[PDB]
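# Notes for the structure review
Given next are the chains, with one letter for each unit.
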Amino acid sequence: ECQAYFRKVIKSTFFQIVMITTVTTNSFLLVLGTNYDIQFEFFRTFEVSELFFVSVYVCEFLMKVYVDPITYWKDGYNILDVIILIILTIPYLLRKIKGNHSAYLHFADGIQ
Amino acid sequence: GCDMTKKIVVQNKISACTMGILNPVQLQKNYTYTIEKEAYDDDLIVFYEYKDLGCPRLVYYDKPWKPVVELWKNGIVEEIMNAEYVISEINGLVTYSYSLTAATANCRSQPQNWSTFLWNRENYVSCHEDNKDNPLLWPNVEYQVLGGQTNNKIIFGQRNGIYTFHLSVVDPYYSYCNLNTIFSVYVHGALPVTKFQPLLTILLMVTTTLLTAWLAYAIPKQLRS
Amino acid sequence: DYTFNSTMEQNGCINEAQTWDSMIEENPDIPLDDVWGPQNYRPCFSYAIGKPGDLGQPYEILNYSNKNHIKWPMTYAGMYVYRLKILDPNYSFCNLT
Ligand SMILES: *[C@@H]1O[C@H](CO)[C@@H](O[C@@H]2O[C@H](CO)[C@@H](O[C@@H]3O[C@H](CO[C@@H]4O[C@H](CO)[C@@H](O)[C@H](O)[C@@H]4O)[C@@H](O)[C@H](O[C@@H]4O[C@H](CO)[C@@H](O)[C@H](O)[C@@H]4O)[C@@H]3O)[C@H](O)[C@H]2NC(C)=O)[C@H](O)[C@H]1NC(C)=O
Ligand SMILES: *[C@@H]1O[C@H](CO)[C@@H](O[C@@H]2O[C@H](CO)[C@@H](O[C@@H]3O[C@H](CO)[C@@H](O)[C@H](O)[C@@H]3O)[C@H](O)[C@H]2NC(C)=O)[C@H](O)[C@H]1NC(C)=O
Ligand SMILES: *[C@@H]1O[C@H](CO)[C@@H](O[C@@H]2O[C@H](CO)[C@@H](O)[C@H](O)[C@H]2NC(C)=O)[C@H](O)[C@H]1NC(C)=O
Ligand SMILES: *[C@@H]1O[C@H](CO)[C@@H](O)[C@H](O)[C@H]1NC(C)=O
């Protein structure tokens, strides 16, 4: 039914521009995050931007949760990006709200 | 009796000054620091003294840390101190946990904590003897005693502030002198958490519902064309 | 225009010392002979007395067991008639210059 319009929307350059802008702001967040001051202070911007980024990435995985994984199981770049989404989503789900038994921090800059 | 020439010092091999946080040239002129309402119940503030303390030690959050104390006779290093010693807070904060809680320390006589009342060489009866009428009411009550043959340390909180450790050497077989000191440490953690009851999964579900609402809004866009 | 071997540090001075320019600044009008001496001396290796100032300025409390030599600008030629005075406040009973 509406799959044609959804694929037309996903072909539009504006959604890709918004995605690229969000992940470039994520790159700048990592650039400011290797510092120590903005790491934990003057960091409300970090919090709201990271919430925006994880919302955008969850939305991207929702676009890639379609029947198109019949092509995201044999291809090249496509399996790489969905597996990257999985190994992104799971750790910060068990890191940002952890409450668990774990040793220490070695995958913040790695996830970014 | 006591030997008045003996004293205890804490090593300050590298200190928090002379790097990109604080400088020695400023702290003496009333460099007052903040407490974020975690000691007893409000607007408590702390006043560091550089002359009395010096440059404070620097450790990191979630690092198993133990102070190492040395004995001095006539102003000369002679031997590190290996007896059992305890620490406390003069201000009275609770935002620091302890290591392995006395069961993996093989305690057998219900050790006493900072709740029986100051500790000294007098009040202290250990728990590693075989006293016959208080073995346990204790699954995992902690072991508020460092040093000695055991290997328990202090796990730090995430407050990111200066702490003033008041240290008392507690073994009653080392010397008759009530060895005691005051030293200062400072922690520089990773990140405070202001996530509250909104979880990552809760906000994820909110975003999924909003995106499905957007799709249900864009369905008539294809329907109207 | 005259300096010496070293600075505050590399000589062991834990806290801020007291140099010649600061002490000439200390005394407004009285001549130099009453500016600094054994009646006014405070050591640098103190950690409690005067100041935790920034360290690295020229150090003029020169003595033996210290290497502290004298230095002058290389370019121009001149003379500086130096009078040497002993600063230790419990060395002798009299003045030695
Ligand atoms: C000729 O000039 C030379 C230097 O130009 C002088 O040599 C210096 O002598 C000083 C004392 O006579 C030395 O001062 C240092 O003072 C420190 C005192 O700090 C204490 O810290 C404790 C901490 O608990 C406090 O309670 C105390 O109240 C004090 O504040 C000492 O720690 C220090 O001892 C060692 O020094 C060496 C450096 O050689 C360090 O590497 C070491 O870690 C330790 O701290 C020392 O006593 C000063 O070091 C020394 N400098 C040199 C280069 O030798 C001579 O004294 C002058 N001649 C005469 C006759 O006065
Ligand atoms: C400091 O040490 C004392 C021991 O002298 C501790 O008191 C004892 O603590 C244990 C563990 O909490 C208590 O056992 C359990 O108590 C709970 C109620 O909190 C009960 O539901 C369990 O069934 C079990 O009985 C024990 O009763 C208690 N003893 C007394 C006399 O109160 C104390 O908790 C230690 N405090 C700290 C901060 O470590
Ligand atoms: C100050 O300059 C003098 C140069 O006169 C340096 O003196 C040398 O010091 C070393 C250290 O023990 C001796 O082995 C040499 O024999 C000295 N040479 C001379 C010519 O005196 C001294 O090192 C300089 N001080 C500093 C801090 O660099
Ligand atoms: C800090 O304390 C010192 C001594 O207690 C006092 O002289 C000074 O005025 C104080 N400064 C401020 C800003 O409170």
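### Structural notes on the interface of chain A and chain B
Taken residue by residue, the interface counts 23 residues in chain A and 23 residues in chain B. On the chain A side of the contact with chain B, A:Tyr5, A:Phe40 and A:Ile97 bury the most area, a combined 27% of that side's loss. Seen at the junction of chain A and chain B, the total is zero salt bridges. Seen at the junction of chain A and chain B, the total is zero residue pairs in polar contact. Sorting the residues of the side of chain A that touches chain B by element identifies α1 (3-10), α3 (37-40), α4 (44-63) and α5 (77-93) of chain A as the ones contributing at least two each. Residue composition of the side of chain A that touches chain B, grouped by class: 16 nonpolar, two polar and five charged.

### Some remarks on the site of ligand 2
Residues and elements named next belong to chain B. Around ligand 2 sit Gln-110, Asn-113, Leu-137 and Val-141, and that is every residue in its neighbourhood. Contact between ligand 2 and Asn-113: an oxygen atom at 2.4 Å from a side-chain N or O atom of the residue. Look at ligand 2: alone it shows 760 Å² of surface, and the protein chains cover 30% of it. The class makeup of the residues in the shell around ligand 2 is two nonpolar, two polar and no charged.

### A closer look at the interface of chain B and chain C
Facing the seven residues of chain B at the interface are eight residues of chain C. For chain B, the biggest contributors to the area lost against chain C are B:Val25, B:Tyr50 and B:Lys51; these three give 70% of the whole. Taken together, the links from chain B to chain C amount to zero salt bridges. Run the count over chain B and chain C and you get three residue pairs in polar contact. Each residue belonging to the side of chain B that touches chain C can be placed in one class, and the counts come to four nonpolar, two polar and one charged.

### Considerations on the UniProt feature "transmembrane region" in chain B
In the numbering used here, UniProt assigns the feature "transmembrane region" to residues 200-221 of chain B. Here residues 200-221 of chain B runs as 100% helix and 0% strand, with 31 Å between its end C-alpha atoms.

Criteria and thresholds
- Residues numbered from 1 in each chain as written, not as in the entry; some residues may be left out.
- Chains lettered and ligands numbered in written order.
- Part of a larger assembly, values for the part shown.
- Heavy atoms only, no water.
- Contact = heavy atoms within 4.5 Å.
- Buried area = accessible area lost by both parts, 1.4 Å probe.
- Salt bridge = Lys/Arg side-chain N within 4 Å of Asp/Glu carboxyl O.
- Polar contact = N/O pair within 3.5 Å; in protein donor to acceptor, adjacent residues only side chain to side chain.
- Helix = DSSP H or I, 4+ residues; strand = E, 2+ residues; numbered from the N terminus.
- Nonpolar A, V, L, I, M, F, W, Y, C, P; charged D, E, K, R; others polar.
- Near = heavy atom within 4 Å.
- Areas by Shrake-Rupley, 256 points an atom, 1.4 Å probe, with all protein chains shown as cover.
- UniProt positions renumbered as here; feature names shortened; annotations may be inferred.

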